[PDB]
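Participant: Protein chains in written order, with the deposited numbering: chain A, 91 to 220; chain B, 91 to 221.
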Amino acid sequence: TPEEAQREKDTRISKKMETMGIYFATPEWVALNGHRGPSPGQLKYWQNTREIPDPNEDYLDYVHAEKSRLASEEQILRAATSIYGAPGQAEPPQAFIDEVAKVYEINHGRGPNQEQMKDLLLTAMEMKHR
Amino acid sequence: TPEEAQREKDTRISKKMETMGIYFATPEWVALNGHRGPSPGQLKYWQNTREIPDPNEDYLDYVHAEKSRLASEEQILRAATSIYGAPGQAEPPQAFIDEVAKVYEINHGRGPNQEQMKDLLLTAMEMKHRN
């Protein structure tokens, strides 16, 4: 039974891809990719663009591409807690967390540079006073 | 002493500046700015770079530029809840919120475009299917 067999193989590959954080790799997408997993080109494309990669083109321009630095609210929160330097290592105010996340947004998903760090430190020094 | 008067006028300008969310405009920075608030150029520089603007430069090259659209974690959360389409204003999983925030990070602080929206919708369909 090739229909149920390949359907189940697609669901197994897709499940293994989904647990790996590869969200676009649905069972349907795996089936359209030739019942096969995503290529490094498609994977890198999704990692750097968050656009669904076309299932049957291999994206040979993305195979050797640098993983785009992308930060999670959790990483932003950790960096904000470290920069704020709160007494008792406590979470900073949400306004400072928003400022740090906006800094990450300005840097295409990267952390603050040494000039943005002076701004974040001055903001912390002004917020812990107020 | 006119110096303490100037200090108090600086501190009042600084209070009005940060009540508005303009954080860099400390009393000290206002005093270094010529005892006045930030110019539109300085304010554009800080809004677009989050770097402290030099206190007496006019940053005109940023006057004729436009304000970068940034997003807060609250705006990210609202966009994630709207895109996920949860019944009853229910928070999406933190993985989907992280996906939306990473989309925002790719766009220099902007919202998702059409193709990133289709990706986020497919991701939502898979997260509601598995959960």
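We put the beta carbon where it would ideally sit given N, CA and C, even for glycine.
Three or more C-beta pairs closer than 8 Å, one from the region 188-204 of chain B and one from the region 169-183 of chain A: is that the case here?
Facilitator: Too few Cβ pairs lie closer than 8 Å, so no.
Participant: Taking just the CA atoms, how far does A:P145 sit from B:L210?
Facilitator: Computed Cα separation, rounded: 17 Å.
Participant: Quick one: complete alpha helix (DSSP H) runs, 4+ long, within the region 109-148 of chain B?
Facilitator: Runs found: 117-122 and 130-139.
Participant: The alpha helix (DSSP H) that contains B:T171, what's its start and end?
Facilitator: Counting along the chain, the alpha helix (DSSP H) containing B:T171 begins and ends at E163 to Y174.
Participant: Against chain A, which members of the region 155-181 of chain B pass a CB distance test of less than 8 Å?
Facilitator: So the list reads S158, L160, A161, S162, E163, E164 and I166, given in the order they occur along the chain.
Participant: Which whole-angstrom value describes the C-beta separation of B:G111 and B:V120, a residue pair presumed to lie in contact below a C-beta threshold of 8 Å?
Facilitator: Not really, about 16 Å apart at Cβ, beyond 8 Å.
Participant: Assign B:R140 to buried or exposed, taking buried as 16 or more other Cβ atoms, counted over all protein chains shown, within 10 Å of its Cβ.
Facilitator: Buried.
Participant: Within 10 Å of its beta-carbon, does B:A191 have 16 or more other beta-carbons around it, so buried, or fewer, so exposed?
Facilitator: B:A191 should be labelled buried.
Participant: Which term fits B:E216, buried or exposed, when burial requires 16 or more other beta carbons within 10 angstroms of its beta carbon?
Facilitator: B:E216 is buried by the Cβ-count criterion.
Participant: Less than 7 Å between C-beta atoms, sequence neighbours within five positions excluded: which residues of the same chain meet that for B:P117?
Facilitator: Same-chain partners within the cutoff: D100, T101 and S104.
Participant: From the DSSP output, in three-state form, read off B:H219 for me.
Facilitator: Reduced to three states, the DSSP call for B:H219 is helix.
Participant: Please determine, among A:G131, A:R200, A:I187 and A:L122, the residue with the shortest C-alpha to C-alpha distance to A:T213.
Facilitator: For the residues A:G131, A:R200, A:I187 and A:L122, the minimum Cα distance to A:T213 belongs to A:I187.
Participant: Contact check, B:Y135 vs B:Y113 under 8 Å by CB: the rounded distance?
Facilitator: Actually they do not touch by this definition, with Cβ atoms about 14 Å apart.
Participant: Taking the continuous alpha helix (DSSP H) assigned at B:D188, which residues delimit it?
Facilitator: Looking at the DSSP string, the run of the alpha helix (DSSP H) that includes B:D188 is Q184 to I196.
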